[PDB]
Undergrad: 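Right, I'll just put the structure down here and ask away after.
Just follow the structure's listing: the first ligand is 1, and inside any ligand the first atom is 1. Chain identifiers are assigned alphabetically (A, B, ...) following the order of the sequence lines, protein sequences preceding nucleic acid strands; residue numbering begins at 1 within each chain.
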There are 4 protein chains.
Amino acid sequence: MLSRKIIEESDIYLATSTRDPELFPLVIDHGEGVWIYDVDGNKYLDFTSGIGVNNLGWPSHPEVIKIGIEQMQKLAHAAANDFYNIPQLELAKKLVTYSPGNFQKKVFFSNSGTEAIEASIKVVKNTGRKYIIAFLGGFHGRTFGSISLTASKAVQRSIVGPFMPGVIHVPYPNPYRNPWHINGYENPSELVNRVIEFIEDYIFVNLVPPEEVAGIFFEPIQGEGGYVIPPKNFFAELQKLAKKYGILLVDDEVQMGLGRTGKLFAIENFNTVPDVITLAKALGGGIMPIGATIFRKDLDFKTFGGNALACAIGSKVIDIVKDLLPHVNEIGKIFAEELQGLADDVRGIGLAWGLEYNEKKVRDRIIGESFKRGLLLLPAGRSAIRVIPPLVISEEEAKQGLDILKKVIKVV
Amino acid sequence: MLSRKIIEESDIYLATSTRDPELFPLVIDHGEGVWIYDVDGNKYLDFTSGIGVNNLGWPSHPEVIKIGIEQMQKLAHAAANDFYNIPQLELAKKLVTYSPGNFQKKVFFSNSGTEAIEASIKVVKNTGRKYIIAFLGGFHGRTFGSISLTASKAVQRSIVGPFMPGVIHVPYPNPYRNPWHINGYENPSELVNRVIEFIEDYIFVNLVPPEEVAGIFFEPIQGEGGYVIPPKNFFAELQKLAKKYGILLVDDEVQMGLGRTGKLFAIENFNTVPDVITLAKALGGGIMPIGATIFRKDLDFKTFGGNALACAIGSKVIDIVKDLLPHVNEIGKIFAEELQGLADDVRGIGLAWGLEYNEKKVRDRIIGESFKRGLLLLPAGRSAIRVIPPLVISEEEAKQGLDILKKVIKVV
Amino acid sequence: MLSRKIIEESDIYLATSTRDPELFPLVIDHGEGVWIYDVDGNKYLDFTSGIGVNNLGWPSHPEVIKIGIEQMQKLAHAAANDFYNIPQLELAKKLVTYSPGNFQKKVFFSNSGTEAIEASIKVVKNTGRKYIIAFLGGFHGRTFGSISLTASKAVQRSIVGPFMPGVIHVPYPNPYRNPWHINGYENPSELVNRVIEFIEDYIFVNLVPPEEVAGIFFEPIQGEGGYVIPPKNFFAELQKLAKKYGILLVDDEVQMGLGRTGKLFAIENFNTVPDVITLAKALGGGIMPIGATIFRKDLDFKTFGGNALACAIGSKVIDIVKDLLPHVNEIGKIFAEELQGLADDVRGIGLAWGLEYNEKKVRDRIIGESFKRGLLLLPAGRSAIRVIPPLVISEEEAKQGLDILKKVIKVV
Amino acid sequence: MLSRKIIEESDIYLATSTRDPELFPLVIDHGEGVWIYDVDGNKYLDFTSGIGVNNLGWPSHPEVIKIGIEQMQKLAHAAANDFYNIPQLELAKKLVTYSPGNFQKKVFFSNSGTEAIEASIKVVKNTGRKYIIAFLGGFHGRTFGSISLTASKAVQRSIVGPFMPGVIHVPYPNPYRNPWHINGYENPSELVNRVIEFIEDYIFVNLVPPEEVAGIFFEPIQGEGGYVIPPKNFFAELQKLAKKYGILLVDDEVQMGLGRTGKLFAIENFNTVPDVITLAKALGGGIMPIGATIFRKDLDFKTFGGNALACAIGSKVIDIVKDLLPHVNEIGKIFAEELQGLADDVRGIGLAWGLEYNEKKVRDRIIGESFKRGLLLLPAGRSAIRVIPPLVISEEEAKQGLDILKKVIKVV
Ligand SMILES: *Cc1c(COP(=O)(O)O)cnc(C)c1O
Ligand SMILES: *Cc1c(COP(=O)(O)O)cnc(C)c1O
Ligand SMILES: *Cc1c(COP(=O)(O)O)cnc(C)c1O
Ligand SMILES: *Cc1c(COP(=O)(O)O)cnc(C)c1O
């Protein structure tokens, strides 16, 4: 029972950071593929992917580990961009070239998704405009700038506010639950129109001149919000509104990017080209933190190290993800078929799935009982569960996990 | 001439980020010890230490690389603290135990120095107080919260402001150049008194109730500001003022900590125990980014991964630094002796040295000509140079660098 | 043609301040009762009441003028509250005693409605809470604090923002036009529920902890917004939500108070007792500016003159208004009967009437042609007209104005 | 003893608003010339002028009262500028014509000094610049925008902050007490240089780009700060700095303007032409509140009433003040001669005098004992007394007051 002792001692020295309700503690020793092992030898099937960090497995993909060990002994990661280096150049080229839009783009590297978002804030404000529009339910980070854009759980913004002024939050086109009580699955256009109208006919009329809005920040699919997928043409309509006033569109792909939805960039599913994109988590292959902010060249700006290790890893990650897309979409069909009817709302694309329950207590029990069966799941939104297995998962491993989930749901 | 081509192509894809004046470009291939090698085979002696990131050499210390390669294959770095793990527990124990003060402390891990500072802002505001005092010339990071505390170069805060309200900046006790034109070396007490008076008799009288000031942020020695060392009893006096009103003291050791000044924590040189401390850069051994925010337990608060790789590395870093302190102070005497009279102001402690020139152009030339001789140096403040060789540097390597610097200064 | 010359010369020396579209210029010489006379001898029937300032006629009521001339020669108006004086005491007593709620209250005097609102902001924040909720379409003043709460026309908040942080705007229960496209006249409960739900299930869930919301600011009937009257039980429901979290209710009666709606305080029509109330405009009888902020005694706080002239006038105003209420409601029935079917939406209570047209151009023409007939009207909202004759208007004078309005509407 | 009863009852209904220490209560019935009479028949010689409001006597000047009674019966004061009217045109002409600078200017009317300052904030920000510099010890109003610029007593900014971001406060050139401990009377140039240096070499270097500073706000002589008169060439040097970066100079004359210092505009004593000027208090003749914001025409911008009563009064006030300047400067010599040696620092110009005592308790006693002798005085700064008799005071009345003050100072 090494775990209990480690947990107790750790709780003494570490700052408090738990969910509500809090999940069962896990003292991990190591990982392999889609499996995690605690210090007591217990095995766990991972359906969390570390929320993106481990899209390619644990501790990472074999080819990525190989790259890391080699590069680390040459030039590591100073989280700085001063030192020109081949790895940095190669990853930059891939990120600008494979991202949506065939216009010239540039990339700014950072150490995390929140830093990538902080950089995006600077980019959109470089225009001279002062206001930013974001969405209720959205999550973009915890640093002061990023948390000003975040609006997931009120408690997360407690005590230390107020936050950055000039940020306005509006309803997201959540097809299952929204302020208009519209069924976004049956009437997608109606929901999209109400959301666009709220911005254009109210926010832009009563509160802020649209010409002073620097940009609109959004997740192509809300992660922390509960894996909420908006109507297919929502971003096309949002862009129409934005273009009308010269407002920039910032696509936060920190959690949905790099293969999660079966596309290199989740926004591709919505056939929309954003002005700025943020990446992180999976970009580092599960080995290390690295963030990236891709943006139209015409928006460019005006430490002492070289981030070679992180970039070398990211470069390999991009190649593996691209090679895996067909597999991701194939395995995704299994989740689509097997998850049907397992929740009050079952929504997903690629390997990005969400299960929402009208009963929060039921949601908590499903996660709790699943953990007791050796299946790792994470909550999302108010009463949903995110089902996000590593992109490298096999059909066989997927069914092992789904069988456990189905059995748990049947008894809870 | 592989370098030129890499530089050109990289400038096309990467966001603009250069100094003023901009330093000579460097396309690094790999490093070993205190030496750096570019893609064209050119060798460089490093007197920058990556501003802390590479305190233990390039790409890092052999023992740290060993730890990294091993741990990376077990459980890497998710930049999250959810996953309990032995490495995390061990580093946490070292950071709370070896930091100043024998009272109970806790530690919150992050991915960088700016994130560590963002966390410290939340910690001091958890009290309910709204104002923060920082120092002119100080540098604490670039994210929205941290940059609100930063006041190094005005251009760095251009375009995208205003910033976080409630932050007040006051003069730092810079012994060489200050608003009072006091020679802080001859009259340290006078300078300290003027600085304390400015806060207590003006800021606290005219602008903000001291009882509403959450904390005072400071660097024990200003880094970006030009390696400005304040009078020895400055922090003792600052703490007296703070205790009087229940104001917290936040010691930013991101650049001066972990051995740079011959002490594990630079504040030790000032015999003062802070309430909160931030660490980063060197903590990750030059292999990866990791930040830490240490604070009194009574200030504690109320993702899904395990930062084992970064913590395992940090744990080893702490042991190596502690073992190296005697060496650092010994080599420091060489710099103290050899740097005398080489600038209009020569100031330093341990291996933290600053050379300030009344003539900025002269400062720029010294750095430029040194680069042409194969010696890497970084500017600081308005017209100073920071001389910060890796802590693992030998007497022989130190003299090679000092000989070059002396020769350059003599001809410029 | 003295007018044209005065207008031209005045436009040279005065700062630009015009509506869009701009109304016809008026160079007033004097007034009497409900009639205004320009410098060229042209007579105008006033249906604007100076938006409250002249509720009792022009230049004011005879009894008020008498009081003013007498008091002015004793102790005038220093816009200060330092000097104790009988007039101040008497008005204070009337304001605390006749305002809703039988609990102990206090009053803070100021010089305008925007200053009264600025004072209310301080009052609600004295609690220690940092957030404020206000309504889209609302208007509370133009000074920095008040304009942060205002959200009438975006252009009014242009250029000089961002504004006070921590202010969140939500939809008002406008029965004619709202984000839900609900007909608030046919389904009032549905609209009220959607508005309350937006705050409780979205704002309080995603954005801000309700326990940190200092207060909710609202107009009992939106003035600048277009004389928008919410469902009768809206404030009762709003108060239920507020009480649940200890949030204060601030009732801005600067435009709707003092008899306009047939009640001393417009909120009386909604059977709700607020925590704070702001008054201005009519309070000064049309003779001078004076604002008042009435609030529960338990919220009290912790220059060198005496506002006797303004208070003496206000005291008389209160008595005249109370005596006139029966008359106001009687004349109101005439407007109710005669205005029916004259606009796409006809809404009103007492002598507070609004006429909204789906066609903005039609709205502008009605106001313009009316001015050419000698009837003064003001626009409101996006395409509405406010019809607010002085409370002292006779049935005969009312019909003269209504006949003109009807004829204009019939030809436009 | 009618007073005591009025005070008790008034304290029950009125919001708390007292000084620290609090002055003796005064229940004023009426006034005449420079004399005030309470409800119990007690007579008081006024050396406060209501801090400007009553520069022309109590309740006001006979000629002003005449104008007021007449105009009030024609068109009063709606605190609005919509209604063109002769009085408004005439006052506007006088304010633009007689203010410093022969370039084209415009004027925006408001209801108070704080509103005039709020308007000035909008004017300087209309440029697009976001930062504002103000001075420690300064006072510009209590509304949210104005209080953000104010920095007199910290307690005044307690509880309800933080305030408007982008406002930076720097030391004022106070010749008696400043952060540099410079004797500004013996070494004025030294003090001016230190103040200019603080802004140019520190604020503009470390904190904010000067090109982003909209304006510098200042009082030509700090009022609440203690009637602090800066060196004669301070504003000339301040303007040189401002012109260098296109920064605007805002001169707040709300307390020092309109004859107080022997000049129509106090800045005239410093031979400097500002870009924006604010006026209030005395402008209304002691009869009513009216504010004015005068500014260069090239800075112009892009309710329903006519402020005729207030403007008619202001127009007369301007003529009387201009006629009285010779008298003010003459009587001023008496105060200069008679006040010498009566305090630790005696400073003044025209009829604007300040007496500072190193002993605060002594300062409080002088004011208290003076009140007991029937002489009204107000405190200022930390331990000073402002001596500001009405501009209409006779030599005989001045000596009566000075004799009392001298006797009190001799026994305290
Ligand atoms: C997780 C997440 C972030 C935060 O990324 P970090 O590396 O933890 O700072 C930002 N945006 C989105 C959409 C996320 O899911
Ligand atoms: C470099 C530095 C920071 C920034 O650390 P990052 O890891 O680059 O975010 C913060 N504070 C100080 C004192 C620094 O020197
Ligand atoms: C007009 C108005 C104000 C502004 O009053 P002022 O005296 O012009 O400052 C504030 N609130 C409401 C509801 C108003 O109608
Ligand atoms: C008194 C004063 C103000 C405030 O004027 P109000 O009419 O009370 O708002 C502003 N500035 C200065 C310099 C003052 O002395």
Side-chain angles (χ1 to χ4, degrees), chain A residues 51-53 78-80 110-118 138-143 146 149-150 218-225 252-257 278 280-281 284 289-291 303, chain B residues 51-53 78-80 110-118 138-143 146 149-150 218-225 252-257 278 280-281 284 289-291 303, chain C residues 51-53 110-118 138-143 146 149-150 219-225 252-257 278 280-281 284 289-291, chain D residues 78-80 110-111 115 303:
Chain A
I51 308 175
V53 176
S110 64
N111 299 115
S112 63
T114 191
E115 278 184 23
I117 283 291
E118 291 272 353
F139 186 87
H140 301 289
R142 294 175 178 288
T143 46
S146 305
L149 302 185
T150 296
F218 60 77
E219 288 163 270
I221 291 178
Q222 292 190 321
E224 297 315 302
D252 186 350
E253 302 253 359
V254 168
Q255 191 173 330
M256 301 299 157
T278 51
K281 294 198 177 80
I290 172 176
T303 61
Chain B
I51 308 175
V53 176
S110 64
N111 299 115
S112 63
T114 191
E115 278 184 23
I117 283 291
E118 291 272 353
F139 186 87
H140 301 289
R142 294 175 178 288
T143 46
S146 305
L149 302 185
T150 296
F218 60 77
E219 288 163 270
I221 291 178
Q222 292 190 321
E224 297 315 302
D252 186 350
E253 302 253 359
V254 168
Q255 191 173 330
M256 301 299 157
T278 51
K281 294 198 177 80
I290 172 176
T303 61
Chain C
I51 308 175
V53 176
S110 64
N111 299 115
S112 63
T114 191
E115 278 184 23
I117 283 291
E118 291 272 353
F139 186 87
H140 301 289
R142 294 175 178 288
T143 46
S146 305
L149 302 185
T150 296
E219 288 163 270
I221 291 178
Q222 292 190 321
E224 297 315 302
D252 186 350
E253 302 253 359
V254 168
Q255 191 173 330
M256 301 299 157
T278 51
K281 294 198 177 80
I290 172 176
Chain D
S110 64
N111 299 115
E115 278 184 23
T303 61

Undergrad: Between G113(B) and ligand 2, does any nitrogen or oxygen pair lie at a separation below 3.5 Å?
TA: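 Yes; the residue has a nitrogen or oxygen that sits under 3.5 Å from a nitrogen or oxygen of the ligand.
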
Undergrad: Tell me the protein heavy atom at minimum distance from atom 1 (C) of ligand 3, and give that distance in Å.
TA: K281(C) NZ, 1.4 Å

Undergrad: Answer whether the closest heavy-atom distance between the side chains of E224(C) and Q255(C) falls below 4.5 Å.
TA: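 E224(C) reaches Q255(C) side chain to side chain.
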
Undergrad: Looking at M256(A), is its backbone amide N or carbonyl O close enough to the side chain of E219(A) to form a donor-acceptor pair, meaning the two atoms are under 3.5 Å apart?
TA: no

Undergrad: With a cut-off of 4.0 Å, which atoms of ligand 3 are near a heavy atom of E219(C)?
TA: 13 (C)

Undergrad: Search all heavy atoms of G138(B) against all heavy atoms of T150(B) and return the closest pair with its distance.
TA: O-CG2, 3.6 Å

Undergrad: Can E115(A) and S112(B) be counted as having a side-chain donor-acceptor contact under 3.5 angstrom?
TA: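 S112(B) and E115(A) do have a side-chain donor-acceptor pair below 3.5 Å.
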
Undergrad: Can you list the ligand 3 atoms lying under 4.0 Å from a non-hydrogen atom of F139(C)?
TA: 2 (C), 3 (C), 11 (N), 12 (C), 13 (C), 14 (C)

Undergrad: Over all heavy atoms of both residues, which pair between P289(C) and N111(C) is shortest? Give the atoms and the distance, please.
TA: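 Minimum heavy-atom separation between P289(C) and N111(C): CB-O, 3.1 Å.
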
Undergrad: Are any of the N/O atoms on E115(D), whether in the backbone or the side chain, positioned under 3.5 angstrom from an N/O atom of ligand 3?
TA: no

Undergrad: Can you tell which part of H140(B) has a heavy atom less than 4.0 Å from ligand 2: side chain, backbone, both or neither?
TA: backbone

Undergrad: Which atoms of ligand 2 are found less than 4.0 Å from any heavy atom of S112(B)?
TA: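 Within the 4.0 Å cut-off of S112(B), ligand 2 contributes 7 (O), 9 (O).
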
Undergrad: Please confirm whether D252(C) comes under 4.0 Å of ligand 3, counting heavy atoms of the residue only.
TA: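 Contact present.
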
Undergrad: Between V53(B), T114(B), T150(B), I221(B), flag the one that comes closest to atom 9 (O) of ligand 2 by a heavy atom.
TA: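 Considering heavy atoms of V53(B), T114(B), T150(B), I221(B), the nearest to atom 9 (O) of ligand 2 sits in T114(B).
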
Undergrad: Got a donor-acceptor contact below 3.5 angstrom from the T114(B) side chain to the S146(B) backbone?
TA: no

Undergrad: What closest approach, in Å, do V254(B) and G113(B) show between heavy atoms, and which atom pair accounts for it?
TA: CG2-CA, 3.7 Å

Undergrad: Looking at atom 15 (O) of ligand 1, what's its closest protein heavy atom, distance included?
TA: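 Ranked first by proximity to atom 15 (O) of ligand 1 is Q255(A) OE1, 2.8 Å.
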
